[PDB]
Amino acid sequence: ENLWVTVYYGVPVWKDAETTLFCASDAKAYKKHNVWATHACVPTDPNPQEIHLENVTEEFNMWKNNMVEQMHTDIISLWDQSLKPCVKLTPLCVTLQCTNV
Amino acid sequence: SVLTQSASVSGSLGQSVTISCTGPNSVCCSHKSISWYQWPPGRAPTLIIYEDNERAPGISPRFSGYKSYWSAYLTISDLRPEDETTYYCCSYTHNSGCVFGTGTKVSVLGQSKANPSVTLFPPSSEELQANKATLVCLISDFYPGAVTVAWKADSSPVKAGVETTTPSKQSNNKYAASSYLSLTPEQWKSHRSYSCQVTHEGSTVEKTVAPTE
Amino acid sequence: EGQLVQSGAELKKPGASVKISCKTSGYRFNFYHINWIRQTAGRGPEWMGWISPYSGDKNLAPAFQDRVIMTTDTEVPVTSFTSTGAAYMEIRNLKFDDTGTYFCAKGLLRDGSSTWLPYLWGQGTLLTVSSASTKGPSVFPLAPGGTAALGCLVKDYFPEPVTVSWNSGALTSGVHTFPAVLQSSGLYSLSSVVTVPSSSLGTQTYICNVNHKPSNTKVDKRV
Amino acid sequence: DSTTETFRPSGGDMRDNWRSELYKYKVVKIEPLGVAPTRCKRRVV
Amino acid sequence: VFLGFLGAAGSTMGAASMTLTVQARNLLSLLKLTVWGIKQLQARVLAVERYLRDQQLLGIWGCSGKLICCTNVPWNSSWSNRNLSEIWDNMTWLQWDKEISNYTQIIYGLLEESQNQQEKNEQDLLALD
Amino acid sequence: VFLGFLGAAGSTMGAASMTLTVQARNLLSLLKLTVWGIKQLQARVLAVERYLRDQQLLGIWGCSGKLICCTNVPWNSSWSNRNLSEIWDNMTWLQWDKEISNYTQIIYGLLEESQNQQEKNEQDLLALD
Ligand SMILES: *[C@@H]1O[C@H](CO)[C@@H](O[C@@H]2O[C@H](CO)[C@@H](O[C@@H]3O[C@H](CO[C@H]4O[C@H](CO[C@H]5O[C@H](CO)[C@@H](O)[C@H](O)[C@@H]5O)[C@@H](O)[C@H](O[C@H]5O[C@H](CO)[C@@H](O)[C@H](O)[C@@H]5O)[C@@H]4O)[C@@H](O)[C@H](O[C@H]4O[C@H](CO)[C@@H](O)[C@H](O)[C@@H]4O)[C@@H]3O)[C@H](O)[C@H]2NC(C)=O)[C@H](O)[C@H]1NC(C)=O
Ligand SMILES: *[C@@H]1O[C@H](CO)[C@@H](O[C@@H]2O[C@H](CO)[C@@H](O[C@@H]3O[C@H](CO)[C@@H](O)[C@H](O)[C@@H]3O)[C@H](O)[C@H]2NC(C)=O)[C@H](O)[C@H]1NC(C)=O
Ligand SMILES: *[C@@H]1O[C@H](CO)[C@@H](O)[C@H](O)[C@H]1NC(C)=O
Ligand SMILES: *[C@@H]1O[C@H](CO)[C@@H](O)[C@H](O)[C@H]1NC(C)=O
């Protein structure tokens, strides 16, 4: 009848949070340097583990999802990273005299 | 049912009372768990005790359980007016459904007396047209819960068309009952008065109606 | 902290079948057994069986093993920890001694030595088994410290039950409804009375609303 | 007056393309520290 | 019987308390200036930072080595009034953490002070002779 | 009675030894290439690096779980000649650390060798039967 608090380390408890995710893609080999795969994305594990959570019911909201906002800024930032070293056509703004084909 | 309870038990106000629950060894005690339920007639029951001592959530500490090898017991301490009702025990295991007991009616002694309320209604003009006639005698807020009703036609007993209900418990832990007297319109109009007499061991009350007024 | 609401009372002839429903809310329907218990005057309270909404395992008492069919629907989620559901019991080969009150009940714990133990009960469903036909009631007015009493008389109806309200449920204080009488003919009759101040004749109109769903009849009588 | 409904395509935002594949996913953090009451007590020794 | 990481998240607290090892394992395990490299390195530092914080709390509660540890703090009923069967056989750790998330900070403070800060001084005065 | 982080820095060693939990808690807890981001991330890695080093020493001294641990190393008088009352009721941890900072490295070496490297082999030979 005398109750006491006891600490448990490893209880299946989670809370909604937004963190910094990273990239992971299979080991595709090759021409290359495709903007998204980049020089190095963590290669996907040879076998992924999908663990079904029985009895669990979670609330979802694809419209307030922060994964979308992160992916958006990742595509944009990846684009600029690939344009920086390429040739800039500042002198190509010379006056053009064009005729039909 | 093979699970027998005490048919009746009584305890005084502010006191305690114990209900028993026993039966054959096939359906009793060891190798079995016992639960207790409060079950007022005409209403949904309430679980008070499960797995022996351990009482259901929110149950007052006034309730306690105890199980011997041959029988189980339920103890109600600090008796209240609301504790006066019917109680059932159950024998069960984890994989086997309930076996209900024979039932126990608990009476709480040492309670204050309640004066009977008697009301008699005559037949409606729409009812005399039908043409029938039924007198309705309603009784409420009396204690203890037992009445006897007698009808009279011009101060003389009636025996044809008398119907009386059993006593029933009110929400305020008093009791109520009703009685109906069916008559033909001739008997109703051919008498000077009709009477409903409600008799209690401490006091008899009489209510009278008359076709004249 | 959830409520179980069962289907309304029904009158059926002996030999027929009837299906009672039990809709749940306020808790995870999948996590608790649904028990079915009945109470008759001849046998008292009698446990019939339970069924698990999660696994579908059912356990029926031998007395109802051959006449009771228990089924459940899939839970409709509301929040992460609550949902709504529905359980059904179909009883066939009805007899006169099967007339009584039937209850569905939610189990006690998800795990332990008494998981299925009926803990949360519904309001009950009244089942009448009889060869007699349904009969609607006849409602009559009950003519009326400075206090008085008035009401409405419900005479000769079948079967049970009959519900009475006042002013479409606006009047609940001072209402006193009496149990029904069992006439020698086999028909029931009850009365309902309300206590009001005698001075309130110029400001209050009392309407008694009688509903007898077995006959699908409503009566609104002005006292 | 709700008599007829018209539907036109559009491309207001580029994020809607990502939501078409991230509708099923969600990020949560694991909090593995739980405190509960039991009939256990530490030994004073 | 293993279901996997967070498999018992919908089970009763008693059932989930049996597979705490499962959550314990998967709880920690020319220019590299790519957007992925900065994200990865910052993600790795975030993972070890959260792990060391929980292990820090277990340290100051004298429960470093164990997944289940008992304390001296009595269970104040204002936190939860539920009995043992109702807690461990009727609730999940999720809805439990929601019911007690309110008093968690107070409980953590009593957990570090009441025992291990008192226990260590009394341990020195006891083994003093 | 709590004064806060480092509150007992000017108190006697005995008084400060009572609130070691206070120092233990607050001891660990398009382009992100900003000067602040590089400083922050490098600062966070520095904090966990110092914490893990002290916890490493407690580990190799067999004192991982505790804030107060007793050892087998006897106190060589050449380090300090002061009696217990003079040390614990007349000195602060600051001026103590200054008086013994000279022999700290030697003491740390004896602390990892003398007991826990001897204790573990003798523990196996004792529980060997
Ligand atoms: C997700 O949530 C759900 C719901 O919350 C949860 O499901 C509950 O899980 C708990 C624990 O696992 C269950 O509680 C246990 O139930 C055990 C099963 O009950 C037995 O009895 C049934 C009736 O048997 C009679 O009838 C048959 C004819 O049908 C007859 O032949 C028999 O002889 C007997 O007379 C039976 O149908 C049932 O069978 C199922 O289970 C077995 C596995 O055991 C399976 O192989 C079958 O195919 C079938 O699916 C079963 O045999 C019960 O044994 C158990 O009691 C023992 O264990 C407890 C410890 O838990 C001991 O304390 C106790 O003393 C006993 O030794 C306990 O009662 C509960 O019933 C489930 N359903 C609910 C709560 O609705 C999931 O587990 C959750 N999962 C996750 C991952 O979170
Ligand atoms: C776009 O305009 C340019 C002019 O600036 C066109 O280039 C010229 O196209 C003509 C064809 O009409 C070429 O004529 C050929 O020249 C070669 C020279 O080796 C000769 O061998 C052939 O017999 C013929 O005369 C001309 O050479 C060429 N001029 C240059 C500088 O390349 C071009 O064709 C136009 N393209 C389109 C799609 O309009
Ligand atoms: C949690 O705590 C807040 C603030 O005291 C209170 O308003 C809320 O009702 C609580 N909810 C819980 C613990 O269920
Ligand atoms: C510390 O050690 C150095 C080198 O042995 C010595 O010169 C100095 O006097 C000492 N100071 C102390 C410990 O007070």
# chains A, B, ... in the order shown; residues from 1 in each chain; ligands from 1
>>> interface_residues(of="chain E", to="chain D", cutoff="8 Å", atoms="only C-alpha atoms", output="PyMOL selection string")
chain E and resi 23+54+70-72+75+84+93+97
>>> residues_near_ligand(ligand="ligand 2", cutoff="9 Å", atoms="only C-alpha atoms and all ligand atoms", output="short mmCIF file (atom, residue, chain, number, x, y, z; two decimals) with N, CA, C and O atoms, in the first residue's frame")
data_model
loop_
_atom_site.label_atom_id
_atom_site.label_comp_id
_atom_site.auth_asym_id
_atom_site.auth_seq_id
_atom_site.Cartn_x
_atom_site.Cartn_y
_atom_site.Cartn_z
N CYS A 98 18.21 39.35 -84.26
CA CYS A 98 17.64 38.04 -84.55
C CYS A 98 16.76 38.10 -85.79
O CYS A 98 16.04 39.08 -86.00
N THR A 99 16.83 37.05 -86.60
CA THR A 99 15.97 36.88 -87.76
C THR A 99 15.21 35.57 -87.64
O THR A 99 15.56 34.69 -86.85
N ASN A 100 14.19 35.41 -88.48
CA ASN A 100 13.41 34.18 -88.52
C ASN A 100 14.29 33.04 -89.02
O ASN A 100 15.19 33.26 -89.83
N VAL A 101 13.88 31.85 -88.67
CA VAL A 101 14.58 30.62 -88.98
C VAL A 101 14.74 30.25 -90.44
O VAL A 101 13.91 30.56 -91.25
#
>>> interface_residues(of="chain E", to="chain B", cutoff="10 Å", atoms="only C-alpha atoms", output="PyMOL selection string")
chain E and resi 81-83+85-86
>>> interface_residues(of="chain C", to="chain E", cutoff="6 Å", atoms="only C-alpha atoms", output="MDAnalysis selection string")
chainID C and resid 109:111
>>> residues_near_ligand(ligand="ligand 1", cutoff="9 Å", atoms="only C-alpha atoms and all ligand atoms", output="ChimeraX atom specification")
/A:53-56 /B:93-97 /C:28-34,51-60,107,109-116 /E:3,7-12,15-16,89-90,92
>>> residues_near_ligand(ligand="ligand 3", cutoff="10 Å", atoms="only C-alpha atoms and all ligand atoms", output="PDB file with N, CA and C atoms, in the first residue's frame")
ATOM      1  N   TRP E  79      -0.291  13.481  -7.719  1.00  0.00           N
ATOM      2  CA  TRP E  79       0.164  13.268  -9.089  1.00  0.00           C
ATOM      3  C   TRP E  79      -0.809  12.371  -9.847  1.00  0.00           C
ATOM      4  N   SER E  80      -1.061  11.172  -9.323  1.00  0.00           N
ATOM      5  CA  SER E  80      -2.075  10.282  -9.869  1.00  0.00           C
ATOM      6  C   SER E  80      -2.676   9.467  -8.732  1.00  0.00           C
ATOM      7  N   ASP E  97       2.430   9.189 -19.590  1.00  0.00           N
ATOM      8  CA  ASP E  97       3.291  10.360 -19.673  1.00  0.00           C
ATOM      9  C   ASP E  97       2.482  11.637 -19.847  1.00  0.00           C
ATOM     10  N   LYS E  98       1.319  11.542 -20.496  1.00  0.00           N
ATOM     11  CA  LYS E  98       0.456  12.709 -20.636  1.00  0.00           C
ATOM     12  C   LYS E  98      -0.213  13.067 -19.316  1.00  0.00           C
ATOM     13  N   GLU E  99      -0.591  12.063 -18.521  1.00  0.00           N
ATOM     14  CA  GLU E  99      -1.238  12.367 -17.251  1.00  0.00           C
ATOM     15  C   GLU E  99      -0.248  12.904 -16.225  1.00  0.00           C
ATOM     16  N   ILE E 100       1.024  12.516 -16.314  1.00  0.00           N
ATOM     17  CA  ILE E 100       2.014  12.923 -15.322  1.00  0.00           C
ATOM     18  C   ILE E 100       3.023  13.926 -15.863  1.00  0.00           C
ATOM     19  N   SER E 101       2.982  14.246 -17.160  1.00  0.00           N
ATOM     20  CA  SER E 101       3.856  15.278 -17.714  1.00  0.00           C
ATOM     21  C   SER E 101       3.749  16.595 -16.961  1.00  0.00           C
ATOM     22  N   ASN E 102       2.659  16.790 -16.222  1.00  0.00           N
ATOM     23  CA  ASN E 102       2.437  18.040 -15.506  1.00  0.00           C
ATOM     24  C   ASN E 102       3.372  18.176 -14.306  1.00  0.00           C
ATOM     25  N   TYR E 103       3.648  17.072 -13.611  1.00  0.00           N
ATOM     26  CA  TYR E 103       4.400  17.096 -12.363  1.00  0.00           C
ATOM     27  C   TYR E 103       5.770  16.448 -12.529  1.00  0.00           C
TER      28      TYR E 103
END
>>> residues_around(residues="segment 191-207 of chain C", least_positions_apart="5", cutoff="12 Å", atoms="only C-alpha atoms", output="short mmCIF file (atom, residue, chain, number, x, y, z; two decimals) with N, CA and C atoms, in the first residue's frame")
data_model
loop_
_atom_site.label_atom_id
_atom_site.label_comp_id
_atom_site.auth_asym_id
_atom_site.auth_seq_id
_atom_site.Cartn_x
_atom_site.Cartn_y
_atom_site.Cartn_z
N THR B 119 -52.20 10.04 -2.40
CA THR B 119 -52.95 10.90 -3.31
C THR B 119 -53.87 10.02 -4.14
N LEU B 120 -55.14 10.40 -4.22
CA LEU B 120 -56.15 9.63 -4.93
C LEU B 120 -56.74 10.48 -6.04
N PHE B 121 -56.77 9.94 -7.25
CA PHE B 121 -57.32 10.67 -8.38
C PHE B 121 -58.58 9.98 -8.88
N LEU B 135 -59.89 4.32 -10.56
CA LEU B 135 -59.33 5.17 -9.52
C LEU B 135 -57.86 4.84 -9.35
N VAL B 136 -57.05 5.88 -9.17
CA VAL B 136 -55.60 5.75 -9.10
C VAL B 136 -55.17 6.32 -7.76
N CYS B 137 -54.54 5.47 -6.95
CA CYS B 137 -54.05 5.83 -5.63
C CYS B 137 -52.53 5.73 -5.66
N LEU B 138 -51.86 6.87 -5.57
CA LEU B 138 -50.41 6.95 -5.67
C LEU B 138 -49.82 7.19 -4.28
N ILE B 139 -48.78 6.43 -3.95
CA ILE B 139 -48.16 6.47 -2.63
C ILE B 139 -46.67 6.66 -2.82
N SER B 140 -46.08 7.58 -2.06
CA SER B 140 -44.67 7.91 -2.23
C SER B 140 -44.09 8.36 -0.91
N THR B 165 -49.64 -2.39 -7.00
CA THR B 165 -48.28 -2.69 -7.38
C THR B 165 -47.45 -3.06 -6.15
N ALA B 177 -45.31 3.30 -4.23
CA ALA B 177 -46.17 2.24 -4.74
C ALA B 177 -47.44 2.89 -5.26
N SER B 178 -48.23 2.09 -5.97
CA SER B 178 -49.47 2.59 -6.56
C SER B 178 -50.47 1.45 -6.63
N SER B 179 -51.75 1.82 -6.67
CA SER B 179 -52.84 0.86 -6.73
C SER B 179 -53.93 1.43 -7.63
N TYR B 180 -54.57 0.55 -8.39
CA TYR B 180 -55.60 0.95 -9.33
C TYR B 180 -56.86 0.13 -9.08
N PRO C 137 -50.73 3.46 -25.64
CA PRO C 137 -51.39 3.86 -24.40
C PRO C 137 -52.48 4.90 -24.63
N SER C 138 -53.32 5.04 -23.61
CA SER C 138 -54.30 6.11 -23.52
C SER C 138 -53.92 7.03 -22.38
N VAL C 139 -53.75 8.32 -22.68
CA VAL C 139 -53.25 9.30 -21.73
C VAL C 139 -54.42 10.14 -21.25
N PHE C 140 -54.54 10.29 -19.94
CA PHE C 140 -55.60 11.07 -19.32
C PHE C 140 -54.99 12.08 -18.36
N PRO C 141 -55.64 13.24 -18.19
CA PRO C 141 -55.11 14.25 -17.27
C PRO C 141 -55.42 13.91 -15.82
N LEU C 142 -54.47 14.22 -14.95
CA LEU C 142 -54.63 14.10 -13.50
C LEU C 142 -54.84 15.51 -12.97
N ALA C 143 -56.10 15.84 -12.66
CA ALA C 143 -56.42 17.20 -12.25
C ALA C 143 -55.61 17.58 -11.01
N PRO C 144 -55.28 18.85 -10.85
CA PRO C 144 -54.44 19.27 -9.72
C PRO C 144 -55.09 18.91 -8.39
N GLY C 145 -48.28 25.65 2.71
CA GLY C 145 -47.14 25.79 1.83
C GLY C 145 -47.47 26.30 0.45
N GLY C 146 -48.74 26.26 0.05
CA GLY C 146 -49.13 26.71 -1.27
C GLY C 146 -48.60 25.86 -2.40
N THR C 147 -48.66 24.54 -2.26
CA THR C 147 -48.16 23.61 -3.25
C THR C 147 -49.28 22.69 -3.72
N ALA C 148 -49.13 22.19 -4.94
CA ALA C 148 -50.14 21.34 -5.56
C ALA C 148 -49.44 20.31 -6.43
N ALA C 149 -50.20 19.30 -6.86
CA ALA C 149 -49.66 18.23 -7.68
C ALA C 149 -50.59 17.94 -8.85
N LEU C 150 -50.00 17.78 -10.03
CA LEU C 150 -50.72 17.47 -11.25
C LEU C 150 -49.88 16.51 -12.08
N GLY C 151 -50.52 15.82 -13.00
CA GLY C 151 -49.81 14.87 -13.82
C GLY C 151 -50.66 14.31 -14.93
N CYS C 152 -50.22 13.16 -15.44
CA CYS C 152 -50.87 12.49 -16.56
C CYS C 152 -50.89 11.00 -16.29
N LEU C 153 -52.00 10.36 -16.65
CA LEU C 153 -52.21 8.93 -16.41
C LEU C 153 -52.09 8.16 -17.71
N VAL C 154 -51.22 7.15 -17.72
CA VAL C 154 -50.99 6.31 -18.88
C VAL C 154 -51.63 4.96 -18.58
N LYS C 155 -52.74 4.66 -19.25
CA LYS C 155 -53.56 3.51 -18.93
C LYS C 155 -53.57 2.52 -20.08
N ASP C 156 -53.43 1.23 -19.74
CA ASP C 156 -53.59 0.15 -20.70
C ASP C 156 -52.67 0.30 -21.91
N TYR C 157 -51.38 0.01 -21.73
CA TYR C 157 -50.44 -0.03 -22.83
C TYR C 157 -49.66 -1.34 -22.79
N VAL C 162 -42.77 2.97 -21.26
CA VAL C 162 -43.30 4.26 -21.68
C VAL C 162 -42.48 5.35 -21.01
N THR C 163 -42.11 6.36 -21.79
CA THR C 163 -41.34 7.49 -21.30
C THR C 163 -42.22 8.74 -21.25
N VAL C 164 -42.03 9.54 -20.20
CA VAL C 164 -42.80 10.75 -19.98
C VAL C 164 -41.83 11.89 -19.72
N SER C 165 -42.04 13.01 -20.42
CA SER C 165 -41.29 14.24 -20.21
C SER C 165 -42.28 15.38 -20.05
N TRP C 166 -41.76 16.54 -19.63
CA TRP C 166 -42.59 17.71 -19.37
C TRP C 166 -42.03 18.89 -20.14
N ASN C 167 -42.88 19.54 -20.93
CA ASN C 167 -42.48 20.72 -21.70
C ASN C 167 -41.29 20.40 -22.60
N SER C 168 -41.36 19.25 -23.27
CA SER C 168 -40.32 18.84 -24.21
C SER C 168 -38.97 18.76 -23.50
N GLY C 169 -39.00 18.34 -22.24
CA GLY C 169 -37.81 18.20 -21.43
C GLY C 169 -37.38 19.47 -20.73
N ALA C 170 -38.10 20.57 -20.91
CA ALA C 170 -37.74 21.81 -20.22
C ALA C 170 -38.10 21.76 -18.74
N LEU C 171 -39.12 20.98 -18.38
CA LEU C 171 -39.57 20.85 -17.00
C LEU C 171 -39.07 19.52 -16.46
N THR C 172 -38.07 19.57 -15.58
CA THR C 172 -37.55 18.38 -14.93
C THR C 172 -37.67 18.40 -13.41
N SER C 173 -37.75 19.58 -12.80
CA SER C 173 -37.84 19.66 -11.35
C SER C 173 -39.25 19.33 -10.88
N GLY C 174 -39.34 18.56 -9.80
CA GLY C 174 -40.62 18.20 -9.22
C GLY C 174 -41.38 17.11 -9.94
N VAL C 175 -40.74 16.39 -10.86
CA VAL C 175 -41.39 15.34 -11.62
C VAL C 175 -41.28 14.03 -10.86
N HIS C 176 -42.39 13.29 -10.79
CA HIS C 176 -42.43 12.01 -10.08
C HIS C 176 -43.20 11.01 -10.92
N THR C 177 -42.48 10.06 -11.52
CA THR C 177 -43.07 9.03 -12.35
C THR C 177 -43.10 7.71 -11.59
N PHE C 178 -44.25 7.07 -11.57
CA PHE C 178 -44.51 5.88 -10.78
C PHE C 178 -44.40 4.63 -11.65
N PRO C 179 -43.96 3.52 -11.07
CA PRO C 179 -43.87 2.28 -11.85
C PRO C 179 -45.24 1.83 -12.33
N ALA C 180 -45.23 1.00 -13.37
CA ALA C 180 -46.46 0.57 -14.01
C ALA C 180 -47.13 -0.55 -13.22
N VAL C 181 -48.43 -0.68 -13.44
CA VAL C 181 -49.24 -1.74 -12.85
C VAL C 181 -49.47 -2.82 -13.89
N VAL C 219 -47.84 11.30 -27.62
CA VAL C 219 -49.00 12.02 -27.10
C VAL C 219 -48.51 13.21 -26.28
N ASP C 220 -48.93 14.41 -26.67
CA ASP C 220 -48.62 15.65 -25.96
C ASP C 220 -49.92 16.15 -25.34
N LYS C 221 -50.09 15.94 -24.04
CA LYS C 221 -51.30 16.30 -23.33
C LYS C 221 -51.06 17.52 -22.44
N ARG C 222 -51.93 18.52 -22.58
CA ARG C 222 -51.92 19.71 -21.73
C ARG C 222 -52.74 19.42 -20.48
N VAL C 223 -52.11 19.56 -19.31
CA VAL C 223 -52.77 19.30 -18.04
C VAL C 223 -53.59 20.52 -17.64
#
>>> interface_residues(of="chain E", to="chain F", cutoff="9 Å", atoms="only C-alpha atoms", output="ChimeraX atom specification")
/E:33,35,38-39,42,45,48-49,52-53,56-65,112-113,116-118,120-121,123-124,127
>>> select_by_dssp(residues="segment 1-59 of chain E", states="alpha helix (DSSP H)", output="PyMOL selection string")
chain E and resi 13-16+20-25+35-59
>>> select_by_dssp(residues="segment 1-99 of chain A", states="strand (DSSP E)", output="PDB file with C-alpha atoms, in the first residue's frame")
ATOM      1  CA  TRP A   4       7.277   4.718  -4.504  1.00  0.00           C
ATOM      2  CA  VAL A   5       8.473   6.250  -7.761  1.00  0.00           C
ATOM      3  CA  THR A   6      10.716   4.073  -9.933  1.00  0.00           C
ATOM      4  CA  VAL A   7      12.719   5.203 -12.958  1.00  0.00           C
ATOM      5  CA  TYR A   8      12.323   3.303 -16.236  1.00  0.00           C
ATOM      6  CA  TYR A   9      14.848   3.953 -19.017  1.00  0.00           C
ATOM      7  CA  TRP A  14       7.417  10.077 -27.990  1.00  0.00           C
ATOM      8  CA  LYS A  15       6.401  13.698 -28.510  1.00  0.00           C
ATOM      9  CA  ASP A  16       5.838  15.763 -31.635  1.00  0.00           C
ATOM     10  CA  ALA A  24      20.140   8.678 -47.647  1.00  0.00           C
ATOM     11  CA  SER A  25      20.185   7.031 -51.076  1.00  0.00           C
ATOM     12  CA  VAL A  42      24.578   8.225 -46.709  1.00  0.00           C
ATOM     13  CA  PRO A  43      23.933   4.955 -48.583  1.00  0.00           C
TER      14      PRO A  43
END
>>> closest_residue(among="A:80, A:74, A:69, A:45", to="chain D", atoms="only C-alpha atoms")
A:69
>>> interface_residues(of="chain A", to="chain C", cutoff="8 Å", atoms="only C-alpha atoms", output="list in words")
residues 56, 57, 58 and 59 of chain A
>>> write_last_selection(atoms="C-alpha atoms", output="mmCIF file, in the first residue's frame")
data_model
loop_
_atom_site.group_PDB
_atom_site.id
_atom_site.type_symbol
_atom_site.label_atom_id
_atom_site.label_comp_id
_atom_site.auth_asym_id
_atom_site.auth_seq_id
_atom_site.Cartn_x
_atom_site.Cartn_y
_atom_site.Cartn_z
ATOM 1 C CA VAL A 56 -1.096 2.771 -31.805
ATOM 2 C CA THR A 57 -3.236 5.617 -33.154
ATOM 3 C CA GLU A 58 -1.467 8.889 -33.968
ATOM 4 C CA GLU A 59 -2.808 12.199 -35.252
#
>>> atom_distance(atom1="atom CA of residue 160 of chain C", atom2="atom CA of residue 150 of chain B")
26.6 Å
>>> atom_distance(atom1="atom CA of residue 21 of chain B", atom2="atom CA of residue 106 of chain B")
13.9 Å
>>> atom_distance(atom1="atom CA of residue 120 of chain C", atom2="atom CA of residue 40 of chain C")
20.3 Å
>>> closest_residue(among="F:96, F:1, F:76, F:6", to="ligand 4", atoms="only C-alpha atoms and all ligand atoms")
F:96
>>> residues_around(residues="residue 71 of chain A", least_positions_apart="6", cutoff="12 Å", atoms="only C-alpha atoms", output="PyMOL selection string")
(chain A and resi 20-23+36+65+77-78) or (chain D and resi 14-19+21-22) or (chain E and resi 35-36) or (chain F and resi 30)
>>> write_last_selection(atoms="C-alpha atoms", output="PDB file, in the first residue's frame")
ATOM      1  CA  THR A  20      17.150  18.325 -38.845  1.00  0.00           C
ATOM      2  CA  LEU A  21      16.835  15.297 -41.117  1.00  0.00           C
ATOM      3  CA  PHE A  22      19.580  14.148 -43.486  1.00  0.00           C
ATOM      4  CA  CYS A  23      19.932  12.384 -46.835  1.00  0.00           C
ATOM      5  CA  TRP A  36      20.373  15.691 -55.386  1.00  0.00           C
ATOM      6  CA  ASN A  65       4.227  18.927 -41.470  1.00  0.00           C
ATOM      7  CA  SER A  77      19.894  25.144 -51.450  1.00  0.00           C
ATOM      8  CA  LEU A  78      20.993  22.159 -53.550  1.00  0.00           C
TER       9      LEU A  78
ATOM     10  CA  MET D  14       6.171  24.030 -55.159  1.00  0.00           C
ATOM     11  CA  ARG D  15       5.751  22.571 -51.660  1.00  0.00           C
ATOM     12  CA  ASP D  16       2.493  20.859 -52.655  1.00  0.00           C
ATOM     13  CA  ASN D  17       4.635  18.486 -54.724  1.00  0.00           C
ATOM     14  CA  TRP D  18       6.527  17.378 -51.610  1.00  0.00           C
ATOM     15  CA  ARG D  19       3.314  16.999 -49.596  1.00  0.00           C
ATOM     16  CA  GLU D  21       4.805  12.112 -50.942  1.00  0.00           C
ATOM     17  CA  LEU D  22       5.181  13.214 -47.290  1.00  0.00           C
TER      18      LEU D  22
ATOM     19  CA  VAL E  35      24.361  20.793 -47.355  1.00  0.00           C
ATOM     20  CA  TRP E  36      24.144  17.114 -46.400  1.00  0.00           C
TER      21      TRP E  36
ATOM     22  CA  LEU F  30      19.883  28.421 -46.661  1.00  0.00           C
TER      23      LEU F  30
END
